[PDB]
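Coming up is one lone chain in structure tokens, specifically the form deposited in one PDB entry.
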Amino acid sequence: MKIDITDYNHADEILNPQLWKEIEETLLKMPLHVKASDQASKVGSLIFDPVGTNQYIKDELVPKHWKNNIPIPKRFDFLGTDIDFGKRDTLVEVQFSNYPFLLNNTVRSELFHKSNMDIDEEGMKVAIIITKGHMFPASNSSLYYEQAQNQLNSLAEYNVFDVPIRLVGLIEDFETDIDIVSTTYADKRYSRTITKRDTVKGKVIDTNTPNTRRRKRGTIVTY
């Protein structure tokens, strides 16, 4: 997929280039993953698939020596049980669940940084938060990149957090032939059990009009 990046607290000057390269290469290689919605009135419509996307990233990063689901130390257990990935001094959270998780993940990362807890036998120095762009139709209230950008931009203006964060947004060109992974799961909601997965051709239709102030999400189609 394509990516857009926004850096906070100089994450760009802090993030190890090799560690970033491993993350970047994985996200650039990755095709857009879609699945059928079960939302009323749009049953069967294609939406961004967070299950497939998360599994792809896990399958790519673990072999690159990023540890998955690193436990959070008992002294911070009220902040959670684990972090998605980590390698050396870098933590990564892939966040496609509902929007408040952006601030939950941001604030807990701040506290981890303030106390310098270890990520991978090294104190934490920077966090990467992966999100999907607004352009893709998706479950209601799932976090999207522009939303995260706007919120973190405001927190930065007001000096709310000092931890370096590289915010990544997964995007694609509109109205362009691209390869898409389309997955069918064993149940219409929540299942992570694959029934069928195929790589197909598709594109993202731009449904904006001169009056929609670019808020319309695209329509995904596959052939």
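Only residues modelled in both forms are compared. Numbering starts at 1 and follows the sequence shown. Superpose the two forms; the largest set of C-alphas matching within 1.5 Å is the rigid core.
We do not show the form deposited in another entry, though everything after this point is about it.
Novice: Answer yes if the CA of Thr81 moves 2 Å or more between the shown form and the other one after aligning the rigid core, and no otherwise.
Specialist: Shift of 2 Å or more: yes.
Novice: With a threshold of 2 Å on the C-alpha, tell me if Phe101 counts as moved between the shown form and the other one once the core is superposed.
Specialist: Shift at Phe101: 2 Å or more after core fit.
Novice: Given a superposition on the rigid core, I'd like a yes or no on whether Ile70 shifts its C-alpha by 2 Å or more between the shown form and the other one.
Specialist: Yes, shifts by 2 Å or more.
Novice: Compare the CA separation of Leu79 and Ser154 in that other deposited form with the one in the displayed structure, and answer closer or farther (the difference is at least 3 Å).
Specialist: The answer is farther, because the C-alphas of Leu79 and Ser154 separate from each other in that other deposited form by 3 Å or more.
Novice: Just say closer or farther for the C-alpha distance from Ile129 to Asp82 in that other deposited form, relative to the shown form; it changes by 3 Å or more.
Specialist: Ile129 and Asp82 sit closer together in that other deposited form.
Novice: For residues shared by both forms, which stretches of 3 or more shift their Cα by 2 Å or more between the shown form and the other one, once the core is superposed?
Specialist: In sequence order, the runs that relocate between the shown form and the other one are 70-83, 101-103, 105-107, 109-111.
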